[PDB]
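J.: Below is the sequence, then the experimental coordinates.
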Amino acid sequence: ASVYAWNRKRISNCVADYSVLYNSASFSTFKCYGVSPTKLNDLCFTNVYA
Amino acid sequence: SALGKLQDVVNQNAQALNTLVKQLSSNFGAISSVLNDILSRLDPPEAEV
Amino acid sequence: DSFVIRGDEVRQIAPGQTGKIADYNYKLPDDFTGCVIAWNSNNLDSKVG
């Protein structure tokens, strides 16, 4: 998208692996507020918006 | 109500315990009142605050 | 301790910070008493090739 109209995907009914996000060597900024990336795998979330 | 003098003490203590237990449901500024979720989401450098 | 980090990563070599450098290369203790002295060594440790 563009910032004025920000695209949103509602991700649901799935098993999500977050190791791929953390193990990635490319992201410039991976700032997590309220949760920490390494411990994200442990929990299950009702809904995730992207 | 004839035994109110004892019941109020029981009620005050029950209330005192009920208030104390209810304080565990308060965040006090934290992201969550339940300790296990904070430790499950955050790492020590963030969890400690 | 002496080492040559990348510029973006300089923030990581600080107490309680995360990243590749901080997690798997050098970790500063969360209670660090110290000084992180850094300079722009881009003209000594970088070669054309």
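T.: Everything's here; your move. Numbering: from 1, shown residues only, chains lettered A, B, ... in the order given.
J.: Helices along the chain, start to end?
T.: The chain I'm using is chain A. All helices of chain A, identified by DSSP state H, fall at A:19-23.
J.: Hmm, no, I was thinking of chain B.
T.: According to DSSP H, the helices that chain B contains are B:4-22, B:35-41, B:44-47.
J.: Enumerate every residue touching the closest residue to chain C within chain B.
T.: Nearest to chain C in chain B, going by Cβ to the nearest Cβ, is residue B:45, at a distance of 3.3 Å. For every residue, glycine as well, the C-beta is placed using N, CA and C. Shown in contact with residue B:45 (Cβ atoms under 8 Å, 6 or more residues apart in numbering or on different chains): C:15-18, C:30.
J.: Out of those, grab the one that's most surrounded.
T.: The most crowded member of the contacts of residue B:45, judged by other Cβ atoms under 10 Å in any protein chain shown, is residue C:18 (20 neighbours).
J.: how far away is that residue from chain A?
T.: Counting by Cβ to the nearest Cβ, to the nearest Å, the separation of residue C:18 from chain A is 8 Å.
J.: Quick check: the residue of chain C nearest chain B.
T.: Taking Cβ to the nearest Cβ, chain C has residue C:16 as its residue nearest chain B, at 3.3 Å.
J.: Please tell me how far that residue sits from residue A:44.
T.: 27 Å (Cβ to Cβ, to the nearest Å).
J.: same check, this time on residue B:41
T.: Relative to residue A:44, and taking Cβ to Cβ, residue B:41 is found at 12 Å.
J.: Among the two, which residue is more densely surrounded?
T.: Neighbour totals were compared for residue B:41 and residue A:44, and residue B:41 leads with 19 against 6 (other Cβ under 10 Å).
J.: how many neighbours does the nearest residue to residue C:8 once chain neighbours are set aside have?
T.: Computed as Cβ to Cβ, 6 or more residues apart in numbering or on different chains, the closest residue to residue C:8 that is not its neighbour in sequence is residue A:28, at 7.1 Å. For residue A:28, the neighbour count with other Cβ under 10 Å is 5.
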